[PDB]
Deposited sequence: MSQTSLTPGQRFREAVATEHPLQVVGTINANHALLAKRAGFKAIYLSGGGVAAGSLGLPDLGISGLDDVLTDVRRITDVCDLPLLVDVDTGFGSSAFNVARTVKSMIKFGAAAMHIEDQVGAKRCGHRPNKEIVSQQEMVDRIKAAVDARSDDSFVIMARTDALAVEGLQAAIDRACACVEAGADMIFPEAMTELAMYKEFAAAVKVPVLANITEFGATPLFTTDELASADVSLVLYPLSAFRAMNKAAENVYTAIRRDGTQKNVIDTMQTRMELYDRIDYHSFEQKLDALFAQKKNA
């Protein structure tokens, strides 16, 4: 199966499909072990995690592709990737973004209508450029829109329907925080709708049964693991500096034997034995 076919199958056999943010290759394998069928590379996470920078469009296609290659080299779970507005203003930038994502093994990407949003026709043109560049039809193009917040619910439906007509496979409406609105949105746009359930934001922490009842097809936890990983890491640095040892924070650590297990150290031994 192509990465994109895997993503489509995940969406078809889980309702709603849970998609978790994976900050690096290691966390992709943890996500697979935990039983998730799809994973996500947050653009905010590439910026804040990989580059230690704010999510202010400093991160480029190269930064994101590095993380895609590292994750898809070891993890076979379909990866949804945040590509912002396509990494440049031209249809040719959007095409290079699409073709590079497919080549480096990403299963899906979401592209947004940020410039404030562009006009419905500019967003349709962005989607047409991505659909036209696609060398593998199974690769999923998800249209992300901030139209609800800027122009209202009917504006967001009309824009999403125009994106679907242009070839968008799935819709990511931003700032949608009422289950009734998700349900009305899903009935109108017909294709799979993603609910972004991030923490410390506008949205209620809706559950999978709640989202399924509102006919939502995917639910995204874009930075959840990362936020816990930073608190845990900061506790270790503070403890080492204060105590002059890590001994008082040993209880918060993955063991050496857990790590060997989670990167499948044994399968490497097994490979050499089978070969020689």
field: Deposited residues without C-alpha coordinates, grouped into stretches that follow sequence order
entry: 1 to 5, 121 to 131, 293 to 298
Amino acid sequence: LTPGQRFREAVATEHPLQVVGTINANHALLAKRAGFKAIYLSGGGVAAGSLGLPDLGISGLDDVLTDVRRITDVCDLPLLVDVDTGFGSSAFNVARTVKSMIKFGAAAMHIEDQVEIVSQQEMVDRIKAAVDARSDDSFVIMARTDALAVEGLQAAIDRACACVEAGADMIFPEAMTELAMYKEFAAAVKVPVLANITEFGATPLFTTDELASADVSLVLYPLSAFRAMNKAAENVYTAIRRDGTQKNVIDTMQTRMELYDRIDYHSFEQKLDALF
From here on, numbers count along this sequence of modelled residues.
- prompt: Looking only at CA atoms, which has the higher mean B factor in the entry: 213 to 221 or 40 to 48?
  reply: 213 to 221
Higher-B stretch (mean Cα B-factor, as the entry records it), 184 to 192 or 76 to 84: 184 to 192
- request: In terms of CA temperature factor as recorded, identify the highest of 113, 158, 169, 125.
  value: 158
- prompt: What's the residue among 145, 138, 93, 121 with the greatest CA temperature factor in the PDB record?
  reply: 138
message: Sorting by Cα B-factor within the chain, modelled residues only, which third would residue 109 end up in: lowest, middle or highest?
response: lowest
field: Entry-reported Cα temperature factor of residue 24, expressed as the chain third it lands in
entry: lowest
field: Chain thirds of CA B-factor: placement of residue 11
entry: highest
query: By the record's CA B-factor, is residue 179 among the lowest, middle or highest third of residues in the chain?
result: highest
statement: The third of the chain into which the C-alpha temperature factor of residue 102 falls is the middle
